[PDB]
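First comes the structure, then the notes that go with it.
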Amino acid sequence: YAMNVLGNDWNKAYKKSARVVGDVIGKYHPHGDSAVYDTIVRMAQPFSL
DNA sequence: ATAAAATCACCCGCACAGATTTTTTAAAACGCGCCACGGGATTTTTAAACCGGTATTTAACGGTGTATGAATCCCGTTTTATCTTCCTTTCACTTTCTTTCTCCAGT
């Protein structure tokens, strides 16, 4: 949902991971930032999903 | 696989406190020498003991009114007895490197 709100679509330029992690932590997820990045990493590995 | 909490190396200038490192200086020492000083044997002089006597000067003695010495209670100081420790050391074990002995396929 946070990625959708920012307008980070599939046919546009990339965005840095730090900005997305900061938005997620500061607006929706009241937890640490390392776990969020680790979760994001797993969803982009071809050998995991 | 999601959560909670943590840790370390280096680069760039500048100012200063502390730790080696030369460098200089005053004290202690050695060798040689000479003359200042003290020992020994005469002359000389004077310090103190001794007789007086006199004229003071001190210490022992009897009342009052304190200042302090021994005793008690504490708390910082230093000694002494008492624990743990890291480097030296070998040493039996393990590991790892070097040479040798075959196999052995090919012709």
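In the text below, chain A, chain B and the rest are named by the order of the sequence lines, each starting its count at 1.
- Residues from residues 39-47 of chain A lying near DNA chain B, meaning a heavy-atom separation below 4.0 Å, are A:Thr39, A:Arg42 in numerical order.
- At B:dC51 the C1'-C2'-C3'-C4' dihedral is positive, so the sugar adopts a north, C3'-endo-type conformation.
- When the pucker is read from the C1'-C2'-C3'-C4' torsion, the sugar belonging to B:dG52 turns out north, on the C3'-endo side.
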Report each atom pair, protein N/O against N/O of nucleotides 4-8 of chain B, whose distance is under 3.5 angstrom.
residue: B:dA4; atom: OP1; partner: A:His31; partner atom: ND1; Å: 3.2
residue: B:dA4; atom: OP2; partner: A:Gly32; partner atom: N; Å: 3.3

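- Remark: A:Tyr1 OH is loosely packed, at most 12 non-hydrogen atoms of other residues, nucleotides or ligands lying under 6.0 Å away.
- Of all heavy-atom pairs spanning A:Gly7 and A:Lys12, the tightest one is O-CD, 4.0 Å.
- Contact record, A:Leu49 with A:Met43: CD1-CA, 3.7 Å, taken as the closest heavy-atom pair.
- Rounded to the nearest 0.5 Å, atoms CG (A:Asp23) and NZ (A:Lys15) are 10.5 Å apart.
- For B:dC50, the sign convention on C1'-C2'-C3'-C4' gives a south pucker, since the angle is negative.
- At the phosphate of B:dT2, neither OP1 nor OP2 sits under 4.0 Å from any side-chain N or O atom of A:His29.
- Sugar conformation, B:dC10: north. The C1'-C2'-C3'-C4' torsion carries a positive sign.
- Remark: DNA chain B takes part in no stem of 3 or more antiparallel Watson-Crick or G-U pairs, criterion distances under 3.5 Å.
- Counting all heavy atoms, side chain and backbone alike, A:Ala2 lies closest to A:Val24 at CB-CG2, 3.6 Å.
- Heavy atoms only, all atoms of each residue included: A:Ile25 and A:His31 are closest at CD1-O, 3.3 Å.
- With respect to the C1'-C2'-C3'-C4' torsion, B:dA70 shows a south sugar, the value lying on the negative side.
- To the nearest 0.5 angstrom, A:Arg19 atom CZ is 9.0 Å from A:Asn8 atom CG.
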